[PDB]
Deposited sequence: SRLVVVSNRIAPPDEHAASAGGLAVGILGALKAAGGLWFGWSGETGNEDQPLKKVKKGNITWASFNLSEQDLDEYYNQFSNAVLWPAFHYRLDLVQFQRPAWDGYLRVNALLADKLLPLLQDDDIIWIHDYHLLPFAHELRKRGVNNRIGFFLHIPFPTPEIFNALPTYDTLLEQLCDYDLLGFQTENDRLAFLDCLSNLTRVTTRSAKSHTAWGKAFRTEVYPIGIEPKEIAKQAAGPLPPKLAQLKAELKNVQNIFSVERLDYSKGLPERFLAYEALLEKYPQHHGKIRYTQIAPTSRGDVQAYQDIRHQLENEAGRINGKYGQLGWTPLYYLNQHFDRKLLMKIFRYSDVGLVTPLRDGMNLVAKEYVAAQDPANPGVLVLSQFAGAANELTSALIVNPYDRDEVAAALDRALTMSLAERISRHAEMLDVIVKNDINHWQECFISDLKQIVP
């Protein structure tokens, strides 16, 4: 009954999505959240532990050597590019792999004293693929679940990983494997079937190497009521009536962190295609891209976007109208929801994404009586449930431009029908439904 959640980082005591589902789950049956605390260079202090009623937060530190091999190298320079279909950015070196295993084993040993024979164990992202295997080696027979938040790549990409067979064997030490989308789940079952013979009943009960495990799809959601609440309050004063400076302007908006998977250079090119082929919008629209920086792997993306902002404004700008507002600034989350609400078009076009929550935040932030339009990549995991969005292939910049123009001229009637139907999807499958389905499936496993 008691729940042990292990994630790459814990939250001190809402302000996000996955934190709400993990905390909603930990209050439902009590338990422990175990995770990295954020700091480095002093590892051997005892377990930082904070207790509040039903739940205990347990955290640790990491040496600089472990963090770079495990987290900066293997997790973020091998697994992350590969799972987002970018083998050309994979930098595999065997020391990083060995360090990835060493950190996973080291946190299995920190957690082992805190476990009880009855706990169900919930492990989160790709940083901790080997964690179950490390716990089984210590005799942990509990019900263990894994949830992958990013895509799982198809075999011809995944098997190019030098340690792909070890990764696959360790994934099968979990009793339950969760995925954002059905394509991710089937991708993993294909990679496994290329490596070993797999038995499947119903659709989601499996055996490989004699190990029994289930797979399932649990698309992660948001809490829509809180987004609507932050979105409908009034603005900062200086920002209160820039809504009032720009009454004559339609705003296309997007907010994304800088990453190769998000395809931000291609959005700029889609916006340039809109300016080149629909000149009737000149002086009457604006594209605003907010892209905070938080790693030198990501500055070459930042350099390219600065260049493309300058080039596009240089080419289509006027003495009194600049087409593209690019902001490399941090905005507080409660202001972004208001910007979502007042933006006529939300543009969410990553090249590969496990689940884009910005897309759901944008829909949950709209005024239902006068909502904006969501333009969504078909490679966003959210595209499988947000079918009434304007779905686009970001590799076709004219098709995205055509969707932007359609979004900018769409009648209120069709805006309401599309928004109401996406909102129903998001409300029915919210963050709280997500954690309940996963905990309910995890409990009913037999050890």
Quiz item: For this chain, which runs of the deposited sequence have no C-alpha coordinates, given in order from the N-terminus?
Solution: 14-18, 300-302
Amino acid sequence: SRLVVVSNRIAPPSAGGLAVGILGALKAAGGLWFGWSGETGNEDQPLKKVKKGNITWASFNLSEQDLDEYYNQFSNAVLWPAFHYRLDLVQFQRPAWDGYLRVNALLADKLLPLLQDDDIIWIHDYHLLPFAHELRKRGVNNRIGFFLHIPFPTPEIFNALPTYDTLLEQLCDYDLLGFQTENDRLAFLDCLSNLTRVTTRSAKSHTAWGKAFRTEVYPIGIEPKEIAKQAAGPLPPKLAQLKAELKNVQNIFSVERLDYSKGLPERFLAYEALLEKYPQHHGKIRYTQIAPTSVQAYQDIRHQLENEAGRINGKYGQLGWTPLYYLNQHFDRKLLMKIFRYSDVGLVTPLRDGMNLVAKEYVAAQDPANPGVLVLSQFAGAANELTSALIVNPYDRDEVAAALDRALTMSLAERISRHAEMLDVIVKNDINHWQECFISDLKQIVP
From here on, numbers count along this sequence of modelled residues.
Exercise. Tell me which of 152-160 and 245-253 has the higher mean C-alpha B-factor in the deposited entry.
Key: 245-253
Quiz item: Out of 295-303 and 256-264, which one has CA B-factors that are higher on average in the deposited record?
Solution: 295-303
Quiz item: Quick one: which of 410, 386, 62, 402 has the biggest Cα B-factor according to the entry?
Solution: 62
Exercise. Name the residue from 422, 382, 391, 50 with the greatest C-alpha temperature factor listed in the entry.
Key: 50
Quiz prompt | residue 101 - Cα temperature factor, lowest/middle/highest third of chain | solution = highest
Quiz item: If you rank the chain by CA B-factor, which third does residue 228 end up in: lowest, middle or highest?
Solution: highest
Exercise. Select lowest, middle or highest to describe the third in which the CA B-factor of residue 184 falls within its chain in this entry.
Key: lowest
Quiz item: Considering only modelled residues of the same chain, in which third does the CA B-factor of residue 360 rank: lowest, middle or highest?
Solution: middle
Quiz item: What third of the chain, by the recorded C-alpha B-factor, contains residue 27?
Solution: highest
